[PDB]
There are 2 protein chains.
Amino acid sequence: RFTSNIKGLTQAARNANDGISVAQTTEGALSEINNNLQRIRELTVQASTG
Amino acid sequence: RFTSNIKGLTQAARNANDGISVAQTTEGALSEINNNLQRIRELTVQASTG
């Protein structure tokens with residue numbers, strides 16, 4: 001039973017590592033989208049002037 | 001009567017030895033069946049992740 005438990009826990013640890021990886025990828029993409037929206041806000045602030 | 005008894009007991013001991021043999025063989029086979037099921041459990045724990 002202990003062998004089963006330790007093998008399962010190790011594999012679950014690797015799975016959690018993969019989860020951290022996918023979270024990192026999504027966060028990087030979102031950070032870039034944030035930069036793009038920031039530049040769009042620059043352009044809006046400039047264009048609002050008459 | 002004593003001679004008949006001692007011969008019978010000797011043959012009985014030999015039979016019990018044969019029984020120990022068959023039990024050992026069965027236990028070895030069951031041991032590796034357990035090993036394979038353990039690996040299956042590890043694989044399933046891996047496969048449960050999304």
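None of the figures in this text is laboratory data; all of them are computed from the coordinates on show. When we count neighbours, we look across all protein chains shown, and the Cβ atoms used for this are built from the backbone with ideal geometry, even at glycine.
In this structure, is B:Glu42 within 14 Å of chain A (Cβ to nearest Cβ) and either surrounded by 10 or more Cβ atoms within 10 Å (Cβ to Cβ) or free of Cβ contacts under 8 Å to residues at least 60 places away in the same chain (or both)?
yes
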Candidates B:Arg14, B:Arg39, B:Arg1, filtered to the one that is among the basic types (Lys, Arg) and under 30 Å from A:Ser21 (Cβ atoms): B:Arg39
Residue within the range A:29-37 that is small (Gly, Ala, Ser) and more than 22 Å from the chain's Cα centre (by Cα) present: no
Matching option when the condition is within 21 Å of B:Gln46 (Cα to Cα) and either in a helix (DSSP H, G or I) or out of contact with any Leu (no Cβ under 8 Å at 6 or more places or on another chain) (or both), among A:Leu37, A:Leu43, A:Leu9: A:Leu9
The range B:22-39: number of residues that are surrounded by fewer than 10 Cβ atoms within 10 Å (Cβ to Cβ) and more than 28 Å from A:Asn5 (Cα to Cα): 1
Qualifying residue in the range B:13-24 (condition: more than 22 Å from the chain's Cα centre (by Cα) and of a type in the set (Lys, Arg)): no
